[PDB]
Amino acid sequence: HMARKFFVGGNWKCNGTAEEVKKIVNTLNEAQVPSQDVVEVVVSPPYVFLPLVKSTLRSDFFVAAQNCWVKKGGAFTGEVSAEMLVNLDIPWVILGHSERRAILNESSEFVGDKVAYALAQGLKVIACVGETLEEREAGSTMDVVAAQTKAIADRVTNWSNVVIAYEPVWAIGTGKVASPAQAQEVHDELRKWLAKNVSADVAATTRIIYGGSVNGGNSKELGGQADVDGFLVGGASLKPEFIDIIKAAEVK
Amino acid sequence: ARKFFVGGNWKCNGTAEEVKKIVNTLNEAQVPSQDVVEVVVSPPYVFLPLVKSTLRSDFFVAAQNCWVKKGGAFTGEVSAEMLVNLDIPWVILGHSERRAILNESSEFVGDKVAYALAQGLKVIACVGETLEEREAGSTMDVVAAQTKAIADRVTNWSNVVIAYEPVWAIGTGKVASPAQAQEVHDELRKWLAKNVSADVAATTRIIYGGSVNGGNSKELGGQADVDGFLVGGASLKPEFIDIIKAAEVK
């Protein structure tokens, strides 16, 4: 029924010092962006800076962890449980990021279990999907994205607190450039998959955000697409340019 | 003489309320001198700032893991540089749970140890054999191979502690004896003497990472080649203080 609220997530990845975090947070705190009714803004620092960011960031921007454990805490040295994030009043978590799928070998099932467990503790989830250059060149884009999405869908009963991020991994460090039209094509096919395989209502209300290369310059052209509901920003999330990407929400 | 070393691995446990209680209990503790025992406490990443800001300054804070190299495009990982930036002096690397559950290879662990040392972190480097490996007669083959992957990459032995985890005796129904701990620690120290140097063998702490409680701490701690403990679950409880007090056995 109601329009999907534009969503901008900033994934800091494995970057930051206390000094850099203070500079980034000060820059965001002084930013003048569209209303909380027009855009939902989430910033995702490394685990060790979650307390500093949550304590100092403007209350109308929300904090995400970059990962959490698949289940209840216990004998999992080095892992952070969903209930720890809830305990520290961290409302969001990024799960299934292409870097964790590729470098740390997180399976679609492992990601699905994490999403279900995070939602069960009351966290909101940015659930990431995306195909490699090999998969795209093989003609497997929608087979891979549908399979990643299905592993999540099979474990999720309530999509209200889920945002899906499409990462064109094929266009990240390969020399290949994703067009806005190519982004819109995958977002459209993914939403049609949700409509047929979950429900018309879930398809209509679930934000699908673009996790490819976005800057101030291309944000309105990418953002001004029928099935693109915002961005999961990588490196630019550390820079003032992030504010220009948030401002792309006015295109809707 | 090697200074007795007691690490407390909280693992994936804690809330702000539980952390405050644990830290208050440690802050009120009366334990042996800084000459007799070195104490390290390892909370989850998200509680490192709270623990570092509130813990007695003569106990040291460790992260439970860090990334293998320089930060960048590694969503969810915490770099050695970040820990140094937050004045976290120690890191646990190659814990049996990360080797077994998260499939960290001996080479990956070795690279993490080298990178952590290079940023100025002190490292508790963990090694240990499974029940299958122990029953196959492969205990010292496995421990030597895991240690070699680390030793090949170490740039400062002063800042390394080795933790032997008898993984075969964690949730299997098997009980690791003081004699079995002593045997592995002695053979590991002899490996260091032959493969690194007599001086590194003589001065490097080898701590026992098996099931340690108030009751068995003095008998384990009294062994010639056991230089202390990496404590699991008991590290969350007042009993951790009784384990630190085992250092007086040396």
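Header annotation of the entry names X-ray crystallography as the structure determination method and lists the resolution as 1.9500 Å.

A closer look at the overall build of chain B
Counting secondary structure elements, chain B contains 11 helices and 8 strands. In terms of its C-alpha atoms, chain B occupies a principal-axis envelope of roughly 45 × 45 × 35 Å. Here the contacts in chain B between residues at least 6 apart in sequence split such that 72% fall between residues at least 24 apart.

Focus on the overall build of chain A
When you go through chain A residue by residue, the secondary structure sums to 11 helices and 8 strands. Scaling as 2.2 N^0.38, a compact globule of 252 residues should have a C-alpha radius of gyration of about 18 Å, and chain A matches this with 17 Å. Once the C-alpha set of chain A is aligned to its principal axes, its extents read approximately 45 × 45 × 40 Å. In chain A, of all internal contacts separated by at least 6 residues, the share reaching a separation of at least 24 is 73%.

Remarks on the state of the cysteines
Note: disulfide means a covalent bond formed between the sulfur atoms of two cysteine side chains. One pass over the full model with this rule turns up 0 disulfides over all chains. There is no disulfide at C14 of chain A, and the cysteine sulfur nearest it, in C66 of chain B, is 9.3 Å away. Residue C14 of chain A is classed as buried on the basis of its relative accessible area of 2%. Unpaired in this structure, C68 of chain A has its nearest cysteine sulfur neighbour in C12 of chain B, at a distance of 9.4 Å. The buried category is assigned to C68 of chain A, whose relative accessible area is 0%.

What about the nonpolar core?
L85 and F231 of chain A together with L83 and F229 of chain B are the most contacted members of the largest nonpolar core, which has 149 residues in total. Beyond its immediate stretch of four places on either side in the chain, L83 of chain B contacts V48 of chain A together with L48, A63, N65, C66, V78, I88, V91 and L121 of chain B.

As for the UniProt feature "active site" in chain A
All names here are of chain A. The positions UniProt marks with the feature "active site" are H97 and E167. Their sequence span is 71 residues, while the largest C-alpha to C-alpha distance among them is just 8.2 Å; these annotated residues converge on one region. For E167, a relative accessible area of 2% puts it in the buried group. In this structure, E167 is in contact with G96, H97, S98, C128, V129, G130, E131 and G211, ignoring residues within four places of it in sequence.

So, the interface of chain A and chain B
Taken together, the 35 residues of chain A in the interface contact 34 residues of chain B. Where chain A abuts chain B, roughly 2,900 Å² becomes buried across the two surfaces, and 66% of that area is made up of carbon and sulfur atoms. Among the residues of chain A in contact with chain B, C14, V48 and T77 of chain A are the three that bury the most area, contributing 27% of the side total. On inspection of chain A and its partner chain B, the count reaches 2 salt bridges.

As for the packing of helix α7 (residues 141–153) of chain A against helix α8 (residues 180–197) of chain A
All names here are of chain A. Direction vectors running N to C along α7 and α8 enclose 45 degrees, while the axes themselves pass 10 Å from each other. In terms of their interaxial angle, α7 and α8 are classed as oblique. For the pair α7 and α8, the sense of crossing is right-handed. Listed contacts from α8 to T141, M142, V145, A146, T149, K150 and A153 of α7 are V186, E189, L190, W193 and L194. For the contact of α7 with α8, a count of residues per class yields 8 nonpolar, 2 polar and 2 charged.

Topic: the packing of helix α7 (residues 139–151) of chain B against helix α8 (residues 178–195) of chain B
All names here are of chain B. Axis separation between α7 and α8 bottoms out at 10 Å; the angle between their running directions is 45 degrees. In this view, α7 runs oblique relative to α8, as classed from their interaxial angle. The element α7 and its partner α8 pack so that their crossing is right-handed. Along the contact surface, α7 presents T139, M140, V143, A144, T147, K148 and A151, while α8 presents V184, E187, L188, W191 and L192. Split by residue class, the contact of α7 with α8 holds 8 nonpolar, 2 polar and 2 charged.

Observations regarding the UniProt feature "active site" in chain B
UniProt records the feature "active site" for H95 and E165 of chain B in the present numbering. Locating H95 of chain B in the fold gives a position in the loop between β4 (90–93) and α4 (96–100). Judged by its relative accessible area of 4%, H95 of chain B is buried. Sequence-distant contacts of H95 of chain B, that is, excluding residues within four places in its chain, are made with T77 of chain A together with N9, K11, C126, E165 and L230 of chain B. Of the polar contacts made by the side chain of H95 of chain B, one reaches the side chain of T77 of chain A; its length is 3.4 Å. In this fold, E165 of chain B is placed in the loop between β6 (160–164) and α8. Those residues in contact with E165 of chain B, other than ones at most four positions away along the chain, are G94, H95, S96, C126, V127, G128, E129 and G209 of chain B. Within the local environment of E165 of chain B, its side chain forms a polar contact with the side chain of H95 of chain B, the two groups lying 3.2 Å apart.

Basis of the calculations
- Residues numbered from 1 in each chain as written, not as in the entry; some residues may be left out.
- Chains lettered and ligands numbered in written order.
- Heavy atoms only, no water.
- Residues with missing side-chain atoms left out of burial classes, pairs and counts.
- Helix = DSSP H or I, 4+ residues; strand = E, 2+ residues; numbered from the N terminus.
- Contact = heavy atoms within 4.5 Å.
- Rg over C-alpha atoms; globule rule 2.2 N^0.38 Å.
- Disulfide = S-S within 2.5 Å.
- Buried < 20%, exposed > 50% of the residue type's maximum accessible area, 1.4 Å probe, protein only.
- Core = buried A, V, L, I, M, F, W, Y, C linked by side-chain atoms within 4.5 Å.
- UniProt positions renumbered as here; feature names shortened; annotations may be inferred.
- Buried area = accessible area lost by both parts, 1.4 Å probe.
- Salt bridge = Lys/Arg side-chain N within 4 Å of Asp/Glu carboxyl O.
- Axes fitted to C-alpha atoms, helices over the stretch in contact; angles between N-to-C directions.
- Parallel < 35°, antiparallel > 145°, perpendicular 65-115°, else oblique.
- Left-handed = near helix turned anticlockwise from the far one by under 90°.
- Nonpolar A, V, L, I, M, F, W, Y, C, P; charged D, E, K, R; others polar.
- Polar contact = N/O pair within 3.5 Å; in protein donor to acceptor, adjacent residues only side chain to side chain.

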